[PDB]
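In the order they appear, the protein sequences are chains A and B. Count the first sequence with the deposited numbering and you get residues 225 to 296, 306 to 540, in order. Count the second sequence with the deposited numbering and you get residues 224 to 296, 306 to 540, in order.
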Amino acid sequence: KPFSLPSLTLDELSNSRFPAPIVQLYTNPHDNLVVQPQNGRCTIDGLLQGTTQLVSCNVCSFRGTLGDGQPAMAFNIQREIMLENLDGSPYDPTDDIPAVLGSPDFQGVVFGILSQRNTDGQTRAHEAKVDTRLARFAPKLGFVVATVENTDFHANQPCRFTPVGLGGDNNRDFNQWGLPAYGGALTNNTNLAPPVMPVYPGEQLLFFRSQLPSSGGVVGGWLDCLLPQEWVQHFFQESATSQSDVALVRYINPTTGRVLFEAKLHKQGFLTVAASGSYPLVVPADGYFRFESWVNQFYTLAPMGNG
Amino acid sequence: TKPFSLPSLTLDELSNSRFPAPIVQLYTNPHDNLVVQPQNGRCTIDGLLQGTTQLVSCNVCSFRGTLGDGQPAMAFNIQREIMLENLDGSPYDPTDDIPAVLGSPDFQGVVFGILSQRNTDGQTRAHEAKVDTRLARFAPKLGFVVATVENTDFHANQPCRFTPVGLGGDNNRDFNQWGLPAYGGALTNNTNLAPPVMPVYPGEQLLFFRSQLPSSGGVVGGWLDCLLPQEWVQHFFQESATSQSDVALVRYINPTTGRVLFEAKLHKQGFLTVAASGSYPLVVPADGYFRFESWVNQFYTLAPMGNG
């Protein structure tokens, strides 16, 4: 019940908003952004929020029953997935969540594989895209549309969508901080984990950053999470009582043992730093965060610099 | 000096250490005529990784490197070599004390997935691909594997990443989960292997954390057993707790009643055994969980498992 962090190094962690390794720490100003992801939301005393669930390989997956194909770009056949929960139990659209757990929490096209294993055991699997911006992207209601090129799919049989990366044509097709309309076009999102922002003037959010694969275009594919998936799992299991609203943490150089920078880990489940501008930190990827002490919101962090 | 513990994640909160897939069952079978020697998901309960085991869940069975030119040889009928890097993009050292590049598949089969690229100029593409671990040129110890593709839209001498999704064979005989690939290529001897595992108490059987993989063709079961889930591997690595004996007694608990459903031994080498006979999935709640009970010795007699 004393608070703790996992000791996994930066390059041992994975993203909580997509199954991808963490490759960088990244900071930027929060001006004209609402930062309100729904995956990778866990308070540091262990309360999961939004669409956050614990299975790393399930983030941005879908599972359910595949419907008939209809027309309408090689990916020009649309098939609906009537969703289940990721464990195969019936999805309850009335649960106090924004959408089926694991649903993507960004506007974009997820590229991956749609696989099937029929009731008789016959299997198939092919490329597929799930466009989270579509009017019929409605995982709160329990329906999404998959777009495919291949005609070899069976209606009224189980399916699983395994995400691999992005499937748009350019950077404008991917808006990582824009939430989808989970209930479909022209509906209001519900049960959202709240937005996050620095409270101390001059501070910026610090993200754990991945770079996703992409099926087309000159696409950066950068995806920021508030906490890596292992920190989410750790806080959930530990459920340590938060002695204040701010845990001071320090990032350590593994060679020297020297502190490289300080950050605040806020109780709501995100980091801030004393930095200005938009950049990836220059720090050893085999460094790691160490919990130091409980402080208050007036604590002044040492300037981060480049890291 | 450092007390032992298990993660408190339930069965349906865990993932496989030999492939990125959820754990769906606990499974037991006799070890007769099997050498059980997986190389992923190998961690001693005091935190020593072995074989090709690494800590990133989404990297298990992935490959990374530079894609080569296409050659012929039936939809997946173009072959392209991947010259491998480590999964973090650092240069792969074929002389490290490991069986193959960390994360390499540890079974004979065809891995179906996506081969993606981001060129030096930023242009991207990604398409279906298969990696057949039985091929003569499957040689991740040397640092080369062959990807088979249908799509002609790939660029040679540009970076690539293979993300595994499931199996890509045509039938159950194309997948042999306990058969190791020849990591150095055809007609070469494997090195630096995590050792085989087996029950020592007569009559006991291994207990596995089991997943079911997707498949691109055939009536394929896709069942994959690991010795420890990926989260236990991460936990033991971080904790590196003192093993007071070679055998930790653990019990699987019903979350509704709090009742013990069955007992198992968690051996220091990093695997479970049970007092059971035959080949079957346990009938237990998927939201149950293991609880560490005490340190015992190899003579401890487990209560019969039954169905679970």
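Even for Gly, the Cβ is constructed at its ideal location relative to N, Cα and C.
Looking only at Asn529(B), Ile246(B), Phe376(B) and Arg491(B), the smallest Cα-Cα distance to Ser443(B) is reached by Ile246(B).
With respect to the 8 Å criterion, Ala426(B) and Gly274(B) are classified as neighbours on the basis of their beta carbons. Residue state for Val258(A) is assigned as coil, using DSSP reduced to three classes.
From the beta-carbon of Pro243(B), the residues of chain A found nearer than 7 Å are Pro243 and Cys281.
Cα atoms of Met537(A) and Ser526(A): separation of roughly 18 Å, rounded to the nearest angstrom. Interface flag for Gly270(A) against chain B is unset, since no Cβ pair is found closer than 8 Å.
The way I'd put it, the stretch 339–353 of chain A does touch the stretch 376–394 of chain A; three or more beta-carbon pairs between them come closer than 8 Å. Contact of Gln466(A) with chain B by beta-carbon distance below 9 Å involves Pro230, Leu232, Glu236, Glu463 and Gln466. When DSSP states are grouped into helix, strand and coil, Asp235(B) belongs to the helix group. In the structure shown, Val465(B) falls within a helical segment according to DSSP collapsed to helix, strand and coil.
Between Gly398(A) and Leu459(A), the CB-CB gap reaches or exceeds 8 Å.
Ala358(A) and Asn403(B) have their alpha carbons spaced roughly 14 Å apart. Identification of chain B residues near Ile485(A) by a Cβ-Cβ cut-off of 9 Å yields none; the smallest Cβ-Cβ distance measures about 15 Å. Residues are counted here when their Cβ sits less than 7 Å from a Cβ of chain B; for the stretch 383–413 of chain A these are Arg393, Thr395, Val397 and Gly398, given in chain order. Leaving aside the five residues that flank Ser231(B) on each side, the residues in its chain whose CB is nearer than 8 Å to its CB run, in chain order, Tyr521. Using a Cβ-Cβ cut-off of 7 Å, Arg357(A) is close to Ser448 and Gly449 of chain B, given in chain order. The continuous beta strand (DSSP E) containing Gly398(A) extends over residues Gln390 to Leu399.
Rounded to the nearest whole angstrom, the CA to CA distance from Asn539(A) to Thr365(B) is 43 Å. In terms of Cβ geometry, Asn263(B) and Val283(B) form a close pair [threshold 8 Å]. Under the three-state reduction of DSSP, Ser280(A) is assigned to helix.
Apart from the 5 residues on each side of it in sequence, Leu445(A) sits with its Cβ closer than 7 Å to the Cβ of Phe242, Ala244, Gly398, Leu399, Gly454 and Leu456 in its chain, given in chain order.
With a threshold of 8 Å between beta carbons, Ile310(A) makes no contact with chain B. When 8 Å is used as the limit between beta carbons, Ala518(A) is near these residues of chain B: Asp320, in chain order.
For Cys458(A), the enclosing beta strand (DSSP E) begins and ends at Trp455 to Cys458. Counting only runs of 3 or more residues that sit fully inside the stretch 340–426 of chain A, the beta strand (DSSP E) segments are 342–350, 356–364, 376–381 and 390–399, in chain order. A straight-line Cα-Cα distance of about 16 Å links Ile310(A) and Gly401(A). Between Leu498(A) and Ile314(A), the CB-CB gap reaches or exceeds 8 Å. At a cut-off of 8 Å between beta-carbon atoms, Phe286(B) makes no contact with chain A. For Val452(B), a Cβ of chain A is located within less than 8 Å of the residue's own Cβ. Membership of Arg483(B) in the beta strand (DSSP E) is indicated by the continuous run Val479 to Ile485. A residue is called buried when at least 16 other Cβ atoms come within 10 angstroms of its Cβ; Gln530(B) does not meet this threshold and is exposed. Using a Cβ-Cβ cut-off of 8 Å, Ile330(A) does not count as an interface residue toward chain B, since no Cβ of chain B sits closer than that to its own. Around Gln273(A), no beta-carbon contact reaches into chain B at under 9 Å, the shortest distance being about 16 Å.
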